[PDB]
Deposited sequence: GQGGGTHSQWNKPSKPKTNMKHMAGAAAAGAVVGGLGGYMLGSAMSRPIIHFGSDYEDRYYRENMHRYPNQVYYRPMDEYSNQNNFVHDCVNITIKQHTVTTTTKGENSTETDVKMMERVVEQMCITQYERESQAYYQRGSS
């Protein structure tokens, strides 16, 4: 089922979009998204695919909860940056894990 770790903060990924609007939007608003991701701890069943899959799901789900205090563009930006950060987190965990 569940149980997720929260990774340490990281620099927000710079991401380039074909849409001039999205490209500029991300540059001006990347501060609005998290700089940490939730993930399922590295074990014997982990691999990049399933680690990033879970991290992306959990992190986005948790973020929806947390910000109970759209837009479609924001959902799109959020998923791109979370996925990139989740890959970075996989590199962290898999290397620490050896």
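**Student:** Which parts of the deposited sequence have no C-alpha atoms in the model?
**Tutor:** Unmodelled stretches: 1 to 35, 105 to 108, 138 to 142.
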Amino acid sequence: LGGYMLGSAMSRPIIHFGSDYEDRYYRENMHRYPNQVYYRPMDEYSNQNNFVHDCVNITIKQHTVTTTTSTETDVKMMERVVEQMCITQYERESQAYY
From here on, numbers count along this sequence of modelled residues.
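**Student:** Test of understanding: from the entry's C-alpha B-factors, which stretch has the higher mean, 36 to 44 or 49 to 57?
**Tutor:** On average, C-alpha B-factors are higher across 36 to 44.
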